[PDB]
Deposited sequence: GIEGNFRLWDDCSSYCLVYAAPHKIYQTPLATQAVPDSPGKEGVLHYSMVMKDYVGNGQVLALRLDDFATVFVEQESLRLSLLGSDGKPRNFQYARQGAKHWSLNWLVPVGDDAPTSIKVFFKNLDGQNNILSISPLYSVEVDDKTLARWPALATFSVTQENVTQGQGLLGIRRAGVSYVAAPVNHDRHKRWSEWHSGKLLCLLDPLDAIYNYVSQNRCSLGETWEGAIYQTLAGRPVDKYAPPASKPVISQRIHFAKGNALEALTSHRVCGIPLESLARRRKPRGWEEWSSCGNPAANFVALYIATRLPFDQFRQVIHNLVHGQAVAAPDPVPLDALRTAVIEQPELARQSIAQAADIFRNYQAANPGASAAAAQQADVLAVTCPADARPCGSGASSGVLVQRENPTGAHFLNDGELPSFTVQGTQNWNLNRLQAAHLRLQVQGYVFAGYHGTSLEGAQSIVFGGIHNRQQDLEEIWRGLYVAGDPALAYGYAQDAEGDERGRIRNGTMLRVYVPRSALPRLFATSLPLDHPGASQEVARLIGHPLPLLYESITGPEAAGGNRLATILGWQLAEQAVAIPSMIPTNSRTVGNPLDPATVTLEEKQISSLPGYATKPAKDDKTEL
């Protein structure tokens, strides 16, 4: 047993029992290019007399062990204290983990998570990966100078005990080359677990979408450095919610998450770099800037579609102070579509925040944490019972995850770049193998495409009857092509060419892809479509395919947003053209090769069983 200082790797590699005393801090060393360290140990504590144990993680955190909760208490470079609580729910065992990045240009946040366990080392649940931004002094301190320590905060009768098993630290190397933007792109997502042999089982179990997708260092070697850490954990009984809780010191959470959605930038990439290295000139900074500027005018976020339009066309606006409004006007006129994309996303994020936090100000939203929930990519709604004080980011897959290692596509007025007919077929294979089917063509603006393909298909406000809300697609490219452009003209009235996208939905949704012969503008559409799906509109986890409004010689598919948010989109090879904007689709331009992969799903014409 340990009644003083110790050596964790030596003493607790298999088992050691700490006789926690108040008034005594039992300390240990933690000594052992680019990569991740995963410190791990399995705990069984005894705090039966209401003892509270305090485990100092070097200089950056403190874990408090109470009988019914594991509490983490953080200290970044901000100085201010941030506290969290994880419920044990009667569990007597638990794992303590934390992930430290090492490198010259590695991330500047450490992660800390607990797992509740049964007697037999089976996962019962997992905590959020609590992320904590730390200074360069703190980052330099690993792996060689860092220490761990155990103590009891309170004086009680009885004897506080902490039995540690299977203490260890494992390294995993960053991949060779890999553009830094991409290399660490999963540091702030659930997929971080995929870098970790013990836990790679869990993420794959939850999503099913596999760790195959993303920069998850497939070829990496999860290697031990010291002690004897647990090597593998079994998939739990029920599916756990994998989630990362991320903080923003600058109080720019809405700006950041908006950038993330609009531009498809890793939340990690929008955080302190060790080596500053503006390469976010094209999308990142503008989008964030729009949110800041919009906030400064105090305009309701729901009115934004109107507002942006007015500022584009020199129509008045209800702002008392003209200076912030003008700052916005200027930025809006320079990039009216990107302004429209940016504040659309921000609007959705903020609407959700208020649903979890009634009467909360944008200013408050800006200082909230982001809770990146990797959804159980199957059932229905992941984000559930928000911890109040978080912006909930639901992580489903994105088109970009299915693209080759080649130079990533981009959406110019000349057209889609680095996108040939080979990459589409190869990317179509992956989507098939991964259990998706083509649902239809989608036409969007250039900036709309970067949003959808890289940031993912996220719900946006729309000037649509609340009932008919959803992502619109179409079997016939002609119908989608109508919308492959800026939604409206700038101050000169110019409408740029856009981009043609291919939306794919998951195969497992096929029973829920309904079809009617009745026009969607027909009065009795709402009732008939409701009869087909089992509830009144709007559309949840189901699609609807029917005749477009008017005579309309084509079929329009509306994906419900819940389905849409699980849907994925890649670039079509059907080009738009800068000279012909406003014309119909010239069918010469649609290749046969792409036509052959665009067979449509077998729609259902009868309500599901009851």
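Residues of the deposited sequence that lack C-alpha coordinates fall in the stretches 33-40, 286-287, 621-625.
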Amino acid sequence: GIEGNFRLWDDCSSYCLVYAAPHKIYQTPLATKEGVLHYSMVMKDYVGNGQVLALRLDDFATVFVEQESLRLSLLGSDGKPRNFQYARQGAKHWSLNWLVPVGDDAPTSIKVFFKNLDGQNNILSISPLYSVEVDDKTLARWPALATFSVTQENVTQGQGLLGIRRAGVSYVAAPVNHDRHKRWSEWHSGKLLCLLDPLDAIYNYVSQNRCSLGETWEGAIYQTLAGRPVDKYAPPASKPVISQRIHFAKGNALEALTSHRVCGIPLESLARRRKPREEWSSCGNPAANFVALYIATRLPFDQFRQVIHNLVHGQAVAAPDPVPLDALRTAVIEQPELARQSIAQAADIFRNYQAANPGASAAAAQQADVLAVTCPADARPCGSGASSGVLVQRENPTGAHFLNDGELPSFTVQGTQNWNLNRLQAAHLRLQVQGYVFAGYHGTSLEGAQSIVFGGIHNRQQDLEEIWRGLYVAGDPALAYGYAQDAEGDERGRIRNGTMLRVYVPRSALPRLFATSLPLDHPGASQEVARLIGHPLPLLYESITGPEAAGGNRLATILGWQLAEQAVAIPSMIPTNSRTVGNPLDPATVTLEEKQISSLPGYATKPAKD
From here on, numbers count along this sequence of modelled residues.
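Look at the C-alpha B-factors of 150-158 and of 407-415. On average they run higher in 407-415. On average the C-alpha atoms of 495-503 have higher B-factors than those of the other stretch, with 253-261 and 495-503 being the two compared. In the PDB entry, the Cα temperature factor peaks, among 96, 226, 370, 316, at 316. Within the listed group 269, 73, 89, 306, the record reports its top CA B-factor for 306. Compared with the other modelled residues of the chain, the Cα B-factor recorded for residue 324 ranks in the lowest third.
Residue 51: CA B factor in the lowest third of modelled residues in this chain (values from the PDB entry).
Per-chain ranking of the deposited C-alpha B factor places residue 85 in the lowest third. Per the deposited record, the Cα B-factor of residue 130 falls in the lowest third when ranked against the other modelled residues of its chain.
The entry lists a Cα temperature factor for residue 514 that places it in the highest third of the chain's modelled residues.
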